[PDB]
Ligand SMILES: *[C@@H]1O[C@H](CO)[C@@H](O[C@@H]2O[C@H](CO)[C@@H](O[C@@H]3O[C@H](CO[C@H]4O[C@H](CO)[C@@H](O)[C@H](O)[C@@H]4O)[C@@H](O)[C@H](O[C@H]4O[C@H](CO)[C@@H](O)[C@H](O)[C@@H]4O)[C@@H]3O)[C@H](O)[C@H]2NC(C)=O)[C@H](O)[C@H]1NC(C)=O
Ligand SMILES: *[C@@H]1O[C@H](CO)[C@@H](O[C@@H]2O[C@H](CO)[C@@H](O[C@@H]3O[C@H](CO[C@H]4O[C@H](CO)[C@@H](O)[C@H](O)[C@@H]4O)[C@@H](O)[C@H](O[C@H]4O[C@H](CO)[C@@H](O)[C@H](O)[C@@H]4O)[C@@H]3O)[C@H](O)[C@H]2NC(C)=O)[C@H](O)[C@H]1NC(C)=O
Ligand SMILES: *[C@@H]1O[C@H](CO)[C@@H](O[C@@H]2O[C@H](CO)[C@@H](O)[C@H](O)[C@H]2NC(C)=O)[C@H](O)[C@H]1NC(C)=O
Ligand SMILES: *[C@@H]1O[C@H](CO)[C@@H](O[C@@H]2O[C@H](CO)[C@@H](O)[C@H](O)[C@H]2NC(C)=O)[C@H](O)[C@H]1NC(C)=O
Ligand SMILES: *[C@@H]1O[C@H](CO)[C@@H](O)[C@H](O)[C@H]1NC(C)=O
Ligand SMILES: *[C@@H]1O[C@H](CO)[C@@H](O)[C@H](O)[C@H]1NC(C)=O
Ligand SMILES: *[C@@H]1O[C@H](CO)[C@@H](O)[C@H](O)[C@H]1NC(C)=O
Ligand SMILES: *[C@@H]1O[C@H](CO)[C@@H](O)[C@H](O)[C@H]1NC(C)=O
C-alpha cells in the first residue's frame, strides 16, 4: 500500500525445492510457477559478478 | 504426519485425543474382605418386598477373589467386575483409597458404576502433588453441614468459581446398584466456554494424584463394578501425545519449542518471549534466542521484552567468533566488520590490519575498518599517497607535498 | 573429522583453537580446553574482562 514489509527465507542446494539452481533460468517460465535462481548476498561493487556459458555455434541474435 | 504442523508446515496446537484415564491401573486400598476369608449377604427387592441372598469372599479363591482390577478391568455390562470392601463399617472412619499418577491433567468426564447402594455423605479429593498433599474438590451429602460443615447445592460465585459444592442429588437409592456418577467440573462455571483463557479454571482442572475417603442382623458394605474418567494429556497444547522415558517415565514429547514434562516451560536457549499456551487464535510458542550463529547459551529479562512492545527480550551470553552483543552481533574491540562477508559469518570479524606505519592508530572503524589515516594519508588502511603527495621511504612520513 | 573451533567466547583470548591441542587462548585464571572454566582459586565473575580472579 504505502509502507514496507520484509519476508525472509533460506537456501539449501541440497534441498531441491529450496534450492535455486541456474536451471531455474533455463526451465519453462510459468508466470504462476516462476523459477527464481538466487545469488549469494552481501555483495556489491567493486567485484566481478560473472556467469559463464559457451555456445558451440555462431549465431545472429535479435531478441 | 504431525498435527503439530499445519498443511503449510505451520506450528499449531497438537493435543492427545480425549481418552478414559482410570482404565487398567492398580490402586492401594485400606480395607477388603477375605483375609481371613470373609462372608457377605446380599438383599434384593422382589415386586414390593425384600429378599436377602448371601455369598463368601476368599481372595485365594480366584472365582471368589474380587480384586481392584475388577474396577480397572473391562467391565462387561453383562459380565460385571465388582470389587468389594469389608463390612460392618461406617462413619466416623476413613474409607480411603489413593491413586498417585505423577502427571497434571485436565479432566472432563468422571464416570462411575456401582455394585453397592449410594451412601449419603462423601466428598472429592485430589493431589496436584505426588501423593503428599491432598485437597478436596467437592462434597456430597444430604447433611453437608452436620457431617462436613458444608452447604448443599451452594452457588458458584464468579469471583471464586473454584468453590466446592455439596448436594443431596443422586444420594438416593434407587439407584442402589449400577449407580451412574458423572462429574463435569465445568458445570456452573460461567467462564467455562472460554476455557482457553480461564487459567484459574485451567488451574482448577489441574490434578496429579487422586484420593477418596468416605464417611457415610445385617451386613452392610460397599462395592463397585468399574471406573471411567476422561481426560487429555496436559502438554499445554505443545505436544500431541505423551510417551515413556528411558527410565520408565511418562512425559510429553513437548513440541513447539517447549520444555518440562508437560510443556510448561520453554526449551533451553529459548528466552526471548515468555512461555505461553497454544491458543486457537495463536499457538503462542516459545522462541530461541537470536545470536546470528554466534552463541550457545542465553538469558532473558522481561523489561527487555516489556520495552520491546512485547515482541522480544532475548539476549545471548558469551559471544564467540570475535562477535559480541545481545545477538552476539558485532566484532569486539580489536576486529572490524568484514562487510564483504555475510552478516552471520563465523569469521566476519578479522584483526584491524591497519598499515602498522601508514595508519595512525592500532584500531579501525569496526564498520568500515577505516584505519587511522595519518596527516596526508587517506584510504581504509591508509596506504595511498594523495594528488601532489610524493611517497617517501621515511618509516614515519611517506607522502610529501609538491611546490 | 574436522569441526569448527569452539573457543570459549570470553575465557579464551581468541576464537582460534590450538589445532593440535585445540587449546583456546586461556587468560590468566581461565582454564579448560576451550578456555571456559575458572581455575581452582578462580571464581567466575560477571566482569566482561576478568572472568576468573585469584582470591586473597
Ligand atoms: C539441506 O536441505 C535438506 C532438505 O530440506 C535438509 O534435509 C535433511 O536431510 C538429512 C539427510 O541426512 C536429514 O537427516 C535425517 O536425520 C537422521 C538422524 O540420524 C538418524 O538416522 C536414522 C533415521 O534417519 C536413525 O536410524 C539413526 O539411529 C539416527 O538417529 C539422519 O541420520 C538421516 O540422514 C541419513 O540418511 C542418509 C540416507 O538417506 C545416510 O546416508 C546418512 O547416514 C544420513 O545421516 C535422516 O535423513 C534431515 O532430516 C533433513 N532435514 C530437514 C528435511 O529439515 C538438510 O537439513 C539441509 N541441510 C542444511 C545444512 O541445512
Ligand atoms: C480360599 O480360597 C481357596 C481357593 O478356592 C481355598 O483353597 C483350598 O485349596 C485347596 C488346595 O490348595 C483345596 O484342597 C483340595 O482338597 C484336598 C483335600 O485333601 C485331599 O487331598 C487329596 C486329593 O486332593 C487326597 O489324596 C488326600 O488324601 C486328601 O483327602 C487337598 O488336599 C488338595 O489340596 C492340595 O493341593 C495343593 C495344590 O493344588 C497342594 O499345594 C496342597 O498339598 C493341598 O493339600 C485339593 O486341592 C480346597 O478345595 C480349597 N478350599 C476350598 C475351595 O474351599 C480355601 O479353602 C479358601 N479359604 C477357606 C477358608 O475356605
Ligand atoms: C576480476 O577482474 C578481472 C575479470 O573481470 C580478472 O582479471 C585479472 O587481471 C589480472 C591482471 O593482470 C590477471 O593477472 C588475471 O589473470 C586476470 N584474471 C582472469 C583473466 O581470470 C580478475 O582475475 C578477476 N578476479 C576474480 C574473478 O577473482
Ligand atoms: C483418618 O483421618 C485422616 C485421613 O482421613 C488421617 O489423618 C491423620 O492426622 C493425624 C493428626 O496428627 C496425623 O498424625 C496422621 O499422620 C494422619 N494420617 C495420615 C496422614 O495418614 C488419619 O490418620 C486417618 N486414620 C487412619 C488412616 O487410621
Ligand atoms: C511448481 O512446480 C513444482 C514442480 O515440482 C511443484 O512442486 C510446485 O508445487 C508448483 N507450485 C505450486 C504452487 O503448486
Ligand atoms: C464372565 O467372565 C469370566 C471370566 O473368565 C467367566 O469365567 C464367566 O463364565 C463369564 N460369565 C458369563 C456369564 O459369561
Ligand atoms: C565509520 O564510517 C562511517 C561512514 O561514514 C562513519 O559515518 C562513522 O562515523 C565511522 N565510525 C563508526 C561507525 O564508528
Ligand atoms: C598447542 O599445545 C602444545 C602442548 O604443549 C603447545 O606446546 C603448543 O605451543 C600449542 N600451540 C601450537 C602447537 O600452536
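Here chain C follows Swiss-Prot for its numbers: 402-457, in order, are the residues you see.
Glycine is no exception: its Cβ is also placed from the backbone N, Cα and C atoms.
According to Swiss-Prot, the features are:
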type     : residues    : note
DISULFID : C:406-C:418 : disulfide bond
DOMAIN   : C:406-455   : domain 'Laminin EGF-like 3'
DISULFID : C:408-C:425 : disulfide bond
CARBOHYD : C:419       : N-linked glycosylation site
DISULFID : C:427-C:436 : disulfide bond
DISULFID : C:439-C:453 : disulfide bond
Recorded positions (C:408, C:419, C:427, C:436, C:439, C:453) in Cβ proximity to chain B, threshold under 8 Å: C:408
Distance from residue C:425 (disulfide bond) back to residue C:418 (disulfide bond), taken between C-alpha atoms, in Å: 4
Subset of recorded positions (C:406, C:408, C:419, C:425, C:453) lying within 10 A of residue C:436 (disulfide bond), CA to CA, in sequence order: C:408, C:425
Proximal residue to residue C:453 (disulfide bond) among recorded positions C:406, C:408, C:419, C:427 (C-alpha distance): C:427
Listed disulfide-bonded residues with Cβ under 6 Å from ligand 2, out of C:408, C:418, C:425, C:436, C:453: none
Cα separation, residue C:406 (disulfide bond) to the residue listed as 'N-linked glycosylation site' (Å, whole number): 9
Cβ-Cβ neighbours of residue C:406 (disulfide bond) (radius 10 Å): 18
Assigned conformation of residue C:427 (disulfide bond) - DSSP reduced to three states: strand
Nonlocal neighbours by CB distance (under 8 Å) for residue C:425 (disulfide bond), same chain, sequence gap 6 or more: C:406, C:408, C:409, C:412, C:413, C:414, C:415, C:416, C:417, C:418, C:419, C:433, C:434, C:435, C:436
Alpha-carbon distance [residue C:427 (disulfide bond); residue C:439 (disulfide bond)] in Å: 10
DSSP-derived structure type at residue C:408 (disulfide bond), helix or strand or else coil: coil
Residues among the disulfide-bonded residues C:406, C:408, C:425, C:436, C:439, C:453 that border ligand 5 - Cβ under 6 angstroms, in sequence order: none
Candidates near ligand 8 among the recorded positions C:419, C:425, C:439, judged by a Cβ under 6 angstroms: C:419
